[PDB]
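Take a look at this single chain, the form deposited without ligand 4LL, given in structure tokens.
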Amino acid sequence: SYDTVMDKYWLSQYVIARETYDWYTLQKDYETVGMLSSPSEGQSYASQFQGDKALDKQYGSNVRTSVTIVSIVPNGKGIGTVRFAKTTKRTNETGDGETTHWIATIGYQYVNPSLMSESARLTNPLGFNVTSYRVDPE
């Protein structure tokens, strides 16, 4: 399925943007999630970078969390399931970090792309749009 392959691409892009923590990549990841999410899901994502305990304020460049996509099942019923690993490393230090495994359940749709600017279509050509997101331990 062309649709299946394309859904997998965007679900993958979304999880990577949303679960990665990299100081030098943060603004771009943040905007990618923002652009690919509904207002409600976007504000909910953003809450982690708000306030005193905002993640960037706490970590700076001393922590990096990298994502590895393990498997993806879209279901054609507007929900996709993404299994992935997170590896967190304290950048100044050595070793390999902790790796943990998760399952993201993602509600998503595609919105008419004609209703966006050509510029916005350069980052989201198909109107991919995440309406709900949850992450649960394996």
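Position 1 is the first residue in the sequence shown; the rest follow in order.
Heads up, the form solved in complex with ligand 4LL isn't pictured, but that's what we're talking about next.
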message = Using the site C-alpha superposition to carry ligand 4LL over in the deposited complex, what's the verdict for this chain: open, or blocked with 3+ ligand atoms inside 2.4 Å of backbone or C-beta?
response = open
inquiry  = Even though the partner isn't displayed, in the deposited complex is residue 86 close enough to ligand 4LL, meaning a heavy atom within 4.5 Å?
reply    = yes
ask   = Heavy atoms within 4.5 Å of ligand 4LL in the deposited complex: does residue 20 have any?
value = yes
key: Any non-hydrogen atom of residue 48 within 4.5 angstroms of ligand 4LL in the deposited complex   = yes
ask   = Within a 4.5 Å heavy atom cut-off, is residue 79 in contact with ligand 4LL in the deposited complex?
value = no
query = Is it true that 72, 110 and 126 each have at least one non-hydrogen atom within 4.5 Å of ligand 4LL in the deposited complex?
reply = no
